[PDB]
Amino acid sequence: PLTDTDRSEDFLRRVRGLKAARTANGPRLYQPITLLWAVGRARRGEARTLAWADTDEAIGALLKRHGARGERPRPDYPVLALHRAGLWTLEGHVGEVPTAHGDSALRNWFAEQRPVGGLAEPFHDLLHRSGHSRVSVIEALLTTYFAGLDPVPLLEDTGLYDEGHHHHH
DNA sequence: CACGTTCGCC
DNA sequence: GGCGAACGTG
């Protein structure tokens with residue numbers, strides 16, 4: 001039947017289908033940092049959704065510490081991309097949600113709308129109860145986004161080190 | 001500071 | 001093209 005394994009391969013295919021903006025030597029880290037943050041919060045049974053102010057500040061902090069490809073603290077980018085992929089719910093806003101195309105209008109949209117948000121339930125609940133799904137998604141994110149980067153400090157800020165650190169010695 | 005334009009890429 | 005994005009250019 002439909003298992004957490006299949007739910008996990010579904011999530012992973014959806015995560016792999018994301019298209020992050022790319023730098024000269026790799027992908028920008030907005031989306032994996034946002035995903036990894038939600039991964040940790042799901043792992044701990046934290047509240048799925050958060051007001052925008054807390055989300056802005058939590059993801060902003062992770063972007064400033066661990067934005068190793070020149071990321072500026074602008075969670076509005078990854079949240080809109082994740083929302084566009086169906087991976088991130090936003091509520092409390094009026095009208096449709098913009099794409100992550102542009103700059104100041106996106107920042108302003110969150111300032112005015114202040115949407116209630118978080119990673120979508122099927123994946124939140126899945127990540128809360130399945131260590132398998134968490135490990136699998138962390139390793140897909142670290143492989144794709146953190147080649148040539150030290151992921152450990154961001155694994156510690158998300159509470160995922162023991163699931164993101166594979167042993168190789 | 002804020003907007004319109006530009007870059008990289010499926 | 002469209003979107004995830006940064007950046008002149010006033």
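Quick note on labels: first sequence line is chain A, next is B, and so on, each numbered from 1. Just so you know, these numbers use all the heavy atoms, side chains as well, and skip hydrogens, waters and symmetry mates.
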Novice: Measure OH/A:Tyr145 against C1'/C:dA5 and give the value in whole Å, please.
Specialist: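 Result: 13 Å.
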
Novice: Between B:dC7 atom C1' and A:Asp103 atom CG, what is the distance in whole Å?
Specialist: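 Rounded to whole Å, this separation is 14 Å.
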
Novice: Taking atom P of B:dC9 as reference, at what distance in whole Å does atom CZ of A:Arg28 sit?
Specialist: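 After rounding, the gap between these two atoms is 11 Å.
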
Novice: Would you indicate what A:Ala100 reaches in the nucleic acid, counting non-hydrogen atoms under 4.0 angstrom: base, sugar-phosphate, or nothing?
Specialist: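 Touches a base.
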
Novice: Distance check needed: B:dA2 P versus A:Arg74 CZ, whole Å only.
Specialist: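 So the CZ-P distance, A:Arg74 to B:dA2, works out to 11 Å.
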
Novice: Measure up the A:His93 and A:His83 rings against each other and bin them: parallel (under 30°), tilted (30 to 60°), perpendicular (over 60°).
Specialist: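 A:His93 and A:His83: perpendicular rings.
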
Novice: Answer with yes or no whether the side chains of A:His66 and A:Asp157 bring together a donor and an acceptor at under 3.5 Å.
Specialist: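 Result is yes, a qualifying pair exists.
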
Novice: Check every strand shown and say whether A:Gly70 touches a base, only sugar-phosphate, or nothing at a heavy-atom separation below 4.0 Å.
Specialist: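 The residue A:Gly70 makes no contact with any strand.
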
Novice: Is the phosphate of C:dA6, meaning OP1 or OP2, less than 4.0 Å from a side-chain N or O of A:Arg72?
Specialist: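 For C:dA6, OP1 or OP2 has a side-chain N or O of A:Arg72 closer than 4.0 Å.
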
Novice: Report yes if at least one side-chain N or O of A:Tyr30 is closer than 4.0 Å to OP1 or OP2 of C:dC3; otherwise report no.
Specialist: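 Indeed not, no polar side-chain atom of A:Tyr30 lies that close.
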
Novice: Is it the case that the base of B:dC9 and the side chain of A:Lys19 share a donor-acceptor contact (distance under 3.5 Å, atom types as modelled)?
Specialist: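 Donor-acceptor pair under 3.5 Å: yes.
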
Novice: Nearest whole Å is fine: how far is C:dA5 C1' from A:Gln31 CD?
Specialist: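 Rounding to the nearest Å, CD of A:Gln31 and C1' of C:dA5 are 10 Å apart.
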
Novice: Rounded to the Å, how far apart are A:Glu71 CD and C:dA6 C1'?
Specialist: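 Checked: the CD to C1' distance equals 12 Å.
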
Novice: Does any donor atom in the side chain of A:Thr89 or A:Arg48 lie under 3.5 Å from an acceptor atom in the other side chain?
Specialist: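 Distance-only check passes for A:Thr89 and A:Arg48.
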
Novice: Base, sugar-phosphate alone, or nothing: which one does A:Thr99 contact when heavy atoms must sit under 4.0 Å apart?
Specialist: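 Sugar-phosphate: the residue A:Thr99, judged by heavy atoms under 4.0 Å, touches backbone atoms but no base.
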
Novice: Under the 3.5 Å rule, do the base of C:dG4 and the side chain of A:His101 count as making a donor-acceptor pair?
Specialist: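 Flag set: donor-acceptor pair detected.
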
Novice: Could you state the CG-P distance from A:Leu106 to C:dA6, rounded to the nearest angstrom?
Specialist: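 Rounding to the nearest Å, CG of A:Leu106 and P of C:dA6 are 10 Å apart.
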
Novice: Inspect the surroundings of CG in A:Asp150 and state if more than 12 heavy atoms from other residues, nucleotides or ligands are less than 6.0 Å away.
Specialist: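 Atom CG in A:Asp150 is packed in, count exceeds 12.
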
Novice: From CG of A:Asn108 over to P of B:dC3, roughly how many Å is that when rounded to an integer?
Specialist: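 Distance check: A:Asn108 CG to B:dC3 P gives 6 Å.
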
Novice: Taking the side chain as every heavy atom from C-beta outward, state whether A:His128 and A:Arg43 have any pair of such atoms under 4.5 Å apart.
Specialist: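 Counting from C-beta outward, A:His128 and A:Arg43 never come under 4.5 Å.
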
